[PDB]
file structure.pdb (PDB, N, CA, C and O atoms)
ATOM      1  N   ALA A   1       0.824  -1.202   0.000
ATOM      2  CA  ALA A   1       0.000   0.000   0.000
ATOM      3  C   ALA A   1       0.863   1.257   0.000
ATOM      4  O   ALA A   1       1.556   1.547   0.975
ATOM      5  N   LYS A   2       0.816   2.002  -1.100
ATOM      6  CA  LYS A   2       1.592   3.230  -1.228
ATOM      7  C   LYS A   2       0.929   4.374  -0.468
ATOM      8  O   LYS A   2       1.558   5.025   0.365
ATOM      9  N   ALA A   3      -0.344   4.613  -0.760
ATOM     10  CA  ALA A   3      -1.094   5.677  -0.102
ATOM     11  C   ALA A   3      -1.340   5.347   1.367
ATOM     12  O   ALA A   3      -1.554   4.189   1.727
ATOM     13  N   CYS A   4      -1.305   6.372   2.212
ATOM     14  CA  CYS A   4      -1.523   6.191   3.642
ATOM     15  C   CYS A   4      -3.014   6.184   3.969
ATOM     16  O   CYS A   4      -3.858   6.143   3.072
ATOM     17  N   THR A   5      -3.332   6.224   5.259
ATOM     18  CA  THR A   5      -4.719   6.221   5.705
ATOM     19  C   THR A   5      -5.117   7.579   6.270
ATOM     20  O   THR A   5      -5.044   7.825   7.475
ATOM     21  N   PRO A   6      -5.551   8.487   5.382
ATOM     22  CA  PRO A   6      -5.972   9.836   5.770
ATOM     23  C   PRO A   6      -7.280   9.833   6.554
ATOM     24  O   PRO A   6      -7.766   8.779   6.968
ATOM     25  N   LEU A   7      -7.848  11.017   6.753
ATOM     26  CA  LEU A   7      -9.102  11.151   7.487
ATOM     27  C   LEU A   7     -10.256  10.524   6.712
ATOM     28  O   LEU A   7     -10.210  10.420   5.485
ATOM     29  N   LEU A   8     -11.292  10.113   7.433
ATOM     30  CA  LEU A   8     -12.460   9.498   6.813
ATOM     31  C   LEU A   8     -12.084   8.198   6.110
ATOM     32  O   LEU A   8     -12.713   7.806   5.127
ATOM     33  N   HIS A   9     -11.056   7.530   6.624
ATOM     34  CA  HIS A   9     -10.596   6.271   6.047
ATOM     35  C   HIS A   9     -10.366   5.228   7.135
ATOM     36  O   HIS A   9      -9.859   5.541   8.212
ATOM     37  N   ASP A  10     -10.742   3.986   6.848
ATOM     38  CA  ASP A  10     -10.576   2.896   7.801
ATOM     39  C   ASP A  10      -9.104   2.701   8.153
ATOM     40  O   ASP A  10      -8.231   2.791   7.289
ATOM     41  N   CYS A  11      -8.836   2.434   9.427
ATOM     42  CA  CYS A  11      -7.471   2.227   9.894
ATOM     43  C   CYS A  11      -7.376   0.975  10.759
ATOM     44  O   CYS A  11      -6.507   0.869  11.625
ATOM     45  N   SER A  12      -8.276   0.026  10.519
ATOM     46  CA  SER A  12      -8.296  -1.218  11.278
ATOM     47  C   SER A  12      -6.986  -1.982  11.106
ATOM     48  O   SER A  12      -6.577  -2.741  11.985
ATOM     49  N   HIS A  13      -6.332  -1.773   9.968
ATOM     50  CA  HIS A  13      -5.068  -2.440   9.679
ATOM     51  C   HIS A  13      -4.010  -2.069  10.714
ATOM     52  O   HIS A  13      -3.163  -2.888  11.072
ATOM     53  N   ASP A  14      -4.063  -0.829  11.189
ATOM     54  CA  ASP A  14      -3.110  -0.350  12.183
ATOM     55  C   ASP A  14      -3.598   0.946  12.824
ATOM     56  O   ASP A  14      -3.827   1.942  12.137
ATOM     57  N   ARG A  15      -3.759   0.924  14.143
ATOM     58  CA  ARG A  15      -4.222   2.095  14.876
ATOM     59  C   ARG A  15      -3.253   3.261  14.708
ATOM     60  O   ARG A  15      -3.604   4.416  14.954
ATOM     61  N   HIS A  16      -2.030   2.951  14.288
ATOM     62  CA  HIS A  16      -1.009   3.974  14.087
ATOM     63  C   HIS A  16      -0.598   4.049  12.619
ATOM     64  O   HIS A  16       0.524   4.442  12.299
ATOM     65  N   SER A  17      -1.513   3.669  11.733
ATOM     66  CA  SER A  17      -1.243   3.689  10.300
ATOM     67  C   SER A  17      -1.733   4.990   9.674
ATOM     68  O   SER A  17      -1.295   5.376   8.589
ATOM     69  N   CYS A  18      -2.646   5.665  10.363
ATOM     70  CA  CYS A  18      -3.199   6.923   9.877
ATOM     71  C   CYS A  18      -2.085   7.893   9.491
ATOM     72  O   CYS A  18      -1.038   7.942  10.136
ATOM     73  N   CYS A  19      -2.319   8.663   8.433
ATOM     74  CA  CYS A  19      -1.337   9.631   7.959
ATOM     75  C   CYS A  19      -0.863  10.528   9.100
ATOM     76  O   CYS A  19      -1.431  10.513  10.192
ATOM     77  N   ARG A  20       0.181  11.308   8.838
ATOM     78  CA  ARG A  20       0.731  12.209   9.841
ATOM     79  C   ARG A  20       0.912  13.613   9.270
ATOM     80  O   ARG A  20       0.998  13.794   8.056
ATOM     81  N   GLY A  21       0.967  14.604  10.155
ATOM     82  CA  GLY A  21       1.137  15.978   9.721
ATOM     83  C   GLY A  21       2.217  16.703  10.496
ATOM     84  O   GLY A  21       2.917  16.100  11.311
ATOM     85  N   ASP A  22       2.356  18.000  10.245
ATOM     86  CA  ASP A  22       3.360  18.808  10.926
ATOM     87  C   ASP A  22       2.809  19.374  12.231
ATOM     88  O   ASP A  22       3.528  19.484  13.224
ATOM     89  N   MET A  23       1.530  19.732  12.221
ATOM     90  CA  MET A  23       0.882  20.286  13.404
ATOM     91  C   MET A  23       0.266  19.181  14.256
ATOM     92  O   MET A  23       0.770  18.859  15.331
ATOM     93  N   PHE A  24      -0.827  18.603  13.767
ATOM     94  CA  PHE A  24      -1.512  17.534  14.483
ATOM     95  C   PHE A  24      -1.716  16.319  13.584
ATOM     96  O   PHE A  24      -1.871  16.450  12.369
ATOM     97  N   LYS A  25      -1.714  15.136  14.188
ATOM     98  CA  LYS A  25      -1.898  13.896  13.443
ATOM     99  C   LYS A  25      -3.335  13.397  13.565
ATOM    100  O   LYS A  25      -4.120  13.924  14.353
ATOM    101  N   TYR A  26      -3.671  12.379  12.782
ATOM    102  CA  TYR A  26      -5.013  11.810  12.800
ATOM    103  C   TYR A  26      -5.128  10.722  13.863
ATOM    104  O   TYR A  26      -4.216   9.914  14.042
ATOM    105  N   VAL A  27      -6.258  10.704  14.565
ATOM    106  CA  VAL A  27      -6.494   9.714  15.608
ATOM    107  C   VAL A  27      -7.564   8.714  15.183
ATOM    108  O   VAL A  27      -8.628   9.096  14.694
ATOM    109  N   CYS A  28      -7.276   7.431  15.375
ATOM    110  CA  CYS A  28      -8.212   6.375  15.012
ATOM    111  C   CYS A  28      -9.416   6.369  15.950
ATOM    112  O   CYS A  28      -9.264   6.360  17.172
ATOM    113  N   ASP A  29     -10.611   6.374  15.370
ATOM    114  CA  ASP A  29     -11.841   6.368  16.153
ATOM    115  C   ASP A  29     -12.789   5.276  15.667
ATOM    116  O   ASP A  29     -13.036   5.141  14.469
ATOM    117  N   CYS A  30     -13.317   4.498  16.607
ATOM    118  CA  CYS A  30     -14.236   3.416  16.276
ATOM    119  C   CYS A  30     -15.673   3.798  16.623
ATOM    120  O   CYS A  30     -15.929   4.431  17.648
ATOM    121  N   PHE A  31     -16.607   3.408  15.761
ATOM    122  CA  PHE A  31     -18.018   3.710  15.975
ATOM    123  C   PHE A  31     -18.900   2.577  15.460
ATOM    124  O   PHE A  31     -18.424   1.661  14.788
ATOM    125  N   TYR A  32     -20.187   2.645  15.782
ATOM    126  CA  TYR A  32     -21.136   1.624  15.356
ATOM    127  C   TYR A  32     -22.099   2.178  14.311
ATOM    128  O   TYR A  32     -23.224   2.577  14.614
ATOM    129  N   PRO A  33     -21.649   2.203  13.048
ATOM    130  CA  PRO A  33     -22.454   2.703  11.930
ATOM    131  C   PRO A  33     -23.623   1.783  11.598
ATOM    132  O   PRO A  33     -23.630   1.122  10.560
ATOM    133  N   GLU A  34     -24.611   1.744  12.487
ATOM    134  CA  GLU A  34     -25.785   0.903  12.287
ATOM    135  C   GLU A  34     -25.401  -0.574  12.276
ATOM    136  O   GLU A  34     -26.084  -1.399  11.671
ATOM    137  N   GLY A  35     -24.301  -0.898  12.949
ATOM    138  CA  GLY A  35     -23.843  -2.275  13.004
ATOM    139  C   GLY A  35     -23.222  -2.626  14.340
ATOM    140  O   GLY A  35     -22.282  -3.417  14.405
ATOM    141  N   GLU A  36     -23.748  -2.037  15.409
ATOM    142  CA  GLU A  36     -23.236  -2.292  16.751
ATOM    143  C   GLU A  36     -23.411  -3.760  17.130
ATOM    144  O   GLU A  36     -22.737  -4.264  18.027
ATOM    145  N   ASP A  37     -24.322  -4.438  16.441
ATOM    146  CA  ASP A  37     -24.587  -5.847  16.704
ATOM    147  C   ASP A  37     -23.786  -6.736  15.758
ATOM    148  O   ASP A  37     -23.621  -7.933  16.002
ATOM    149  N   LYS A  38     -23.289  -6.146  14.676
ATOM    150  CA  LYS A  38     -22.505  -6.882  13.693
ATOM    151  C   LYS A  38     -21.012  -6.645  13.900
ATOM    152  O   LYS A  38     -20.278  -7.552  14.293
ATOM    153  N   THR A  39     -20.569  -5.420  13.633
ATOM    154  CA  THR A  39     -19.165  -5.065  13.790
ATOM    155  C   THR A  39     -18.989  -3.556  13.902
ATOM    156  O   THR A  39     -19.886  -2.789  13.554
ATOM    157  N   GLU A  40     -17.827  -3.134  14.392
ATOM    158  CA  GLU A  40     -17.535  -1.715  14.550
ATOM    159  C   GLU A  40     -16.546  -1.240  13.488
ATOM    160  O   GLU A  40     -15.656  -1.984  13.078
ATOM    161  N   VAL A  41     -16.710   0.003  13.048
ATOM    162  CA  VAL A  41     -15.834   0.578  12.035
ATOM    163  C   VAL A  41     -14.877   1.594  12.649
ATOM    164  O   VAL A  41     -15.297   2.513  13.351
ATOM    165  N   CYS A  42     -13.588   1.422  12.378
ATOM    166  CA  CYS A  42     -12.569   2.323  12.903
ATOM    167  C   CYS A  42     -11.930   3.134  11.780
ATOM    168  O   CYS A  42     -11.239   2.587  10.920
ATOM    169  N   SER A  43     -12.164   4.442  11.795
ATOM    170  CA  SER A  43     -11.614   5.329  10.777
ATOM    171  C   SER A  43     -10.794   6.447  11.414
ATOM    172  O   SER A  43     -10.842   6.654  12.627
ATOM    173  N   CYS A  44     -10.042   7.165  10.587
ATOM    174  CA  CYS A  44      -9.210   8.262  11.069
ATOM    175  C   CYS A  44     -10.040   9.526  11.271
ATOM    176  O   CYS A  44     -10.711   9.993  10.351
ATOM    177  N   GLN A  45      -9.989  10.074  12.481
ATOM    178  CA  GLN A  45     -10.736  11.282  12.804
ATOM    179  C   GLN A  45      -9.811  12.366  13.347
ATOM    180  O   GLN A  45      -8.787  12.069  13.961
ATOM    181  N   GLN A  46     -10.178  13.622  13.115
ATOM    182  CA  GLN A  46      -9.379  14.750  13.579
ATOM    183  C   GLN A  46      -9.963  15.340  14.859
ATOM    184  O   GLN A  46     -11.157  15.224  15.137
ATOM    185  N   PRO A  47      -9.102  15.987  15.658
ATOM    186  CA  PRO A  47      -9.511  16.609  16.922
ATOM    187  C   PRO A  47     -10.388  17.838  16.708
ATOM    188  O   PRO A  47     -10.751  18.164  15.577
ATOM    189  N   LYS A  48     -10.725  18.516  17.799
ATOM    190  CA  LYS A  48     -11.559  19.710  17.731
ATOM    191  C   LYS A  48     -11.326  20.606  18.943
ATOM    192  O   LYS A  48     -10.544  20.271  19.833
ATOM    193  N   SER A  49     -12.010  21.745  18.972
ATOM    194  CA  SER A  49     -11.876  22.690  20.074
ATOM    195  C   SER A  49     -13.221  23.328  20.410
ATOM    196  O   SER A  49     -13.279  24.407  21.000
ATOM    197  N   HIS A  50     -14.301  22.652  20.030
ATOM    198  CA  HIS A  50     -15.646  23.151  20.291
ATOM    199  C   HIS A  50     -15.800  24.584  19.794
ATOM    200  O   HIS A  50     -16.298  25.452  20.510
ATOM    201  N   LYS A  51     -15.368  24.827  18.561
ATOM    202  CA  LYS A  51     -15.457  26.155  17.965
ATOM    203  C   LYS A  51     -15.372  26.077  16.444
ATOM    204  O   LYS A  51     -14.281  26.003  15.878
ATOM    205  N   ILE A  52     -16.528  26.095  15.789
ATOM    206  CA  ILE A  52     -16.582  26.028  14.334
ATOM    207  C   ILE A  52     -17.199  27.294  13.749
ATOM    208  O   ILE A  52     -17.076  27.560  12.554
ATOM    209  N   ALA A  53     -17.860  28.072  14.600
ATOM    210  CA  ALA A  53     -18.493  29.312  14.167
ATOM    211  C   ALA A  53     -18.936  30.147  15.364
ATOM    212  O   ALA A  53     -19.979  29.887  15.961
ATOM    213  N   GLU A  54     -18.136  31.152  15.707
ATOM    214  CA  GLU A  54     -18.447  32.024  16.833
ATOM    215  C   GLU A  54     -18.391  33.491  16.418
ATOM    216  O   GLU A  54     -18.092  34.367  17.229
ATOM    217  N   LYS A  55     -18.680  33.751  15.147
ATOM    218  CA  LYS A  55     -18.665  35.110  14.621
ATOM    219  C   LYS A  55     -19.681  35.270  13.495
ATOM    220  O   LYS A  55     -19.355  35.088  12.321
ATOM    221  N   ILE A  56     -20.912  35.612  13.859
ATOM    222  CA  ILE A  56     -21.975  35.799  12.879
ATOM    223  C   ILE A  56     -22.961  36.870  13.334
ATOM    224  O   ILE A  56     -24.139  36.835  12.976
ATOM    225  N   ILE A  57     -22.471  37.820  14.124
ATOM    226  CA  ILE A  57     -23.309  38.902  14.626
ATOM    227  C   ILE A  57     -23.897  39.718  13.479
ATOM    228  O   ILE A  57     -25.055  40.132  13.529
ATOM    229  N   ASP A  58     -23.091  39.944  12.448
ATOM    230  CA  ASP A  58     -23.532  40.709  11.287
ATOM    231  C   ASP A  58     -24.117  39.788  10.220
ATOM    232  O   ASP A  58     -23.955  38.569  10.280
ATOM    233  N   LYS A  59     -24.797  40.379   9.244
ATOM    234  CA  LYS A  59     -25.407  39.614   8.163
ATOM    235  C   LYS A  59     -24.456  39.498   6.976
ATOM    236  O   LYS A  59     -23.417  40.158   6.933
ATOM    237  N   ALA A  60     -24.818  38.656   6.014
ATOM    238  CA  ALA A  60     -23.999  38.457   4.824
ATOM    239  C   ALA A  60     -24.736  37.621   3.783
ATOM    240  O   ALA A  60     -25.058  36.457   4.022
ATOM    241  N   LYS A  61     -25.002  38.223   2.628
ATOM    242  CA  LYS A  61     -25.700  37.534   1.550
ATOM    243  C   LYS A  61     -24.711  36.885   0.587
ATOM    244  O   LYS A  61     -24.738  37.144  -0.617
ATOM    245  N   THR A  62     -23.837  36.038   1.124
ATOM    246  CA  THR A  62     -22.840  35.352   0.313
ATOM    247  C   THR A  62     -22.344  34.088   1.005
ATOM    248  O   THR A  62     -22.149  34.068   2.220
ATOM    249  N   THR A  63     -22.140  33.032   0.223
ATOM    250  CA  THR A  63     -21.667  31.763   0.760
ATOM    251  C   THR A  63     -20.356  31.941   1.517
ATOM    252  O   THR A  63     -19.347  32.351   0.943
ATOM    253  N   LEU A  64     -20.377  31.629   2.809
ATOM    254  CA  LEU A  64     -19.187  31.754   3.645
ATOM    255  C   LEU A  64     -18.181  30.654   3.327
ATOM    256  O   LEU A  64     -17.748  30.504   2.185
TER     257      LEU A  64
END
call {"tool": "encode", "arguments": {"input": "structure.pdb", "output": "structure tokens"}}
result
Amino acid sequence: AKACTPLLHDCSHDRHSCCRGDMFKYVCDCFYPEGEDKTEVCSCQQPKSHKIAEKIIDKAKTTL
């Protein structure tokens, strides 16, 4: 496998196979995509800071 395991990609092959960066790396996360009774899916997910939009006091008629 030449290409690595970026975000939104399964990393069951290796919890530490997910691609890497200069600032922050990708963390493997497992979830039950409607298959908690069948099997769990583990993909690469990125961190957060509980802040995706905290500046919209003013209006704007244009795609942000």
call {"tool": "atom_distance", "arguments": {"input": "structure.pdb", "atom1": "CA of residue 33 in chain A", "atom2": "CA of residue 10 in chain A"}}
result
12.6 Å
call {"tool": "residues_near_point", "arguments": {"input": "structure.pdb", "point": "(-17.5, 4.6, 15.8)", "cutoff": "7 Å", "atoms": "all atoms listed in the file", "output": "NGL selection string"}}
result
:A and (29-33 or 40-43)
call {"tool": "select_by_dssp", "arguments": {"input": "structure.pdb", "residues": "chain A", "states": "strand (DSSP E)", "output": "ChimeraX atom specification"}}
result
/A:27-31,41-45
call {"tool": "atom_distance", "arguments": {"input": "structure.pdb", "atom1": "CA of residue 18 in chain A", "atom2": "CA of residue 3 in chain A"}}
result
10.3 Å
call {"tool": "atom_distance", "arguments": {"input": "structure.pdb", "atom1": "atom O of residue 6 in chain A", "atom2": "atom N of residue 45 in chain A"}}
result
6.1 Å
call {"tool": "residues_around", "arguments": {"input": "structure.pdb", "residues": "residue 25 in chain A", "least_positions_apart": "5", "cutoff": "9 Å", "atoms": "only C-alpha atoms", "output": "compact mmCIF listing (two decimals) with N, CA, C and O atoms, keeping the file's coordinate frame"}}
result
# COMPACT_ATOMS: atom_id res chain seq x y z
N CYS A 18 -2.65 5.66 10.36
CA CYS A 18 -3.20 6.92 9.88
C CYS A 18 -2.08 7.89 9.49
O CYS A 18 -1.04 7.94 10.14
N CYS A 19 -2.32 8.66 8.43
CA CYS A 19 -1.34 9.63 7.96
C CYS A 19 -0.86 10.53 9.10
O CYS A 19 -1.43 10.51 10.19
N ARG A 20 0.18 11.31 8.84
CA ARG A 20 0.73 12.21 9.84
C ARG A 20 0.91 13.61 9.27
O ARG A 20 1.00 13.79 8.06
N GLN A 46 -10.18 13.62 13.12
CA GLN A 46 -9.38 14.75 13.58
C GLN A 46 -9.96 15.34 14.86
O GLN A 46 -11.16 15.22 15.14
N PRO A 47 -9.10 15.99 15.66
CA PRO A 47 -9.51 16.61 16.92
C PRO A 47 -10.39 17.84 16.71
O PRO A 47 -10.75 18.16 15.58
call {"tool": "resolve_selection", "arguments": {"input": "structure.pdb", "expression": "the PyMOL selection byres (((chain A and resi 1 and name CA) around 12) and name CA)", "output": "list in words"}}
result
residues 2, 3, 4, 5, 13 and 17 of chain A
call {"tool": "decode", "arguments": {"input": "structure.pdb", "residues": "chain A", "atoms": "C-alpha atoms", "output": "compact mmCIF listing (two decimals), in the first residue's frame"}}
result
# COMPACT_ATOMS: atom_id res chain seq x y z
CA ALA A 1 0.00 0.00 0.00
CA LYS A 2 1.59 3.23 -1.23
CA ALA A 3 -1.09 5.68 -0.10
CA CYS A 4 -1.52 6.19 3.64
CA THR A 5 -4.72 6.22 5.71
CA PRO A 6 -5.97 9.84 5.77
CA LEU A 7 -9.10 11.15 7.49
CA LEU A 8 -12.46 9.50 6.81
CA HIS A 9 -10.60 6.27 6.05
CA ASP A 10 -10.58 2.90 7.80
CA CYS A 11 -7.47 2.23 9.89
CA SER A 12 -8.30 -1.22 11.28
CA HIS A 13 -5.07 -2.44 9.68
CA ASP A 14 -3.11 -0.35 12.18
CA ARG A 15 -4.22 2.09 14.88
CA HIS A 16 -1.01 3.97 14.09
CA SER A 17 -1.24 3.69 10.30
CA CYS A 18 -3.20 6.92 9.88
CA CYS A 19 -1.34 9.63 7.96
CA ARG A 20 0.73 12.21 9.84
CA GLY A 21 1.14 15.98 9.72
CA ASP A 22 3.36 18.81 10.93
CA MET A 23 0.88 20.29 13.40
CA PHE A 24 -1.51 17.53 14.48
CA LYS A 25 -1.90 13.90 13.44
CA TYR A 26 -5.01 11.81 12.80
CA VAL A 27 -6.49 9.71 15.61
CA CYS A 28 -8.21 6.37 15.01
CA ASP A 29 -11.84 6.37 16.15
CA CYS A 30 -14.24 3.42 16.28
CA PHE A 31 -18.02 3.71 15.98
CA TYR A 32 -21.14 1.62 15.36
CA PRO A 33 -22.45 2.70 11.93
CA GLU A 34 -25.79 0.90 12.29
CA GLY A 35 -23.84 -2.27 13.00
CA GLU A 36 -23.24 -2.29 16.75
CA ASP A 37 -24.59 -5.85 16.70
CA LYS A 38 -22.50 -6.88 13.69
CA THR A 39 -19.16 -5.06 13.79
CA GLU A 40 -17.53 -1.71 14.55
CA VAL A 41 -15.83 0.58 12.04
CA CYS A 42 -12.57 2.32 12.90
CA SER A 43 -11.61 5.33 10.78
CA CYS A 44 -9.21 8.26 11.07
CA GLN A 45 -10.74 11.28 12.80
CA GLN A 46 -9.38 14.75 13.58
CA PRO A 47 -9.51 16.61 16.92
CA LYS A 48 -11.56 19.71 17.73
CA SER A 49 -11.88 22.69 20.07
CA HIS A 50 -15.65 23.15 20.29
CA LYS A 51 -15.46 26.16 17.97
CA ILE A 52 -16.58 26.03 14.33
CA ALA A 53 -18.49 29.31 14.17
CA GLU A 54 -18.45 32.02 16.83
CA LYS A 55 -18.66 35.11 14.62
CA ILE A 56 -21.98 35.80 12.88
CA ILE A 57 -23.31 38.90 14.63
CA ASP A 58 -23.53 40.71 11.29
CA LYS A 59 -25.41 39.61 8.16
CA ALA A 60 -24.00 38.46 4.82
CA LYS A 61 -25.70 37.53 1.55
CA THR A 62 -22.84 35.35 0.31
CA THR A 63 -21.67 31.76 0.76
CA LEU A 64 -19.19 31.75 3.65
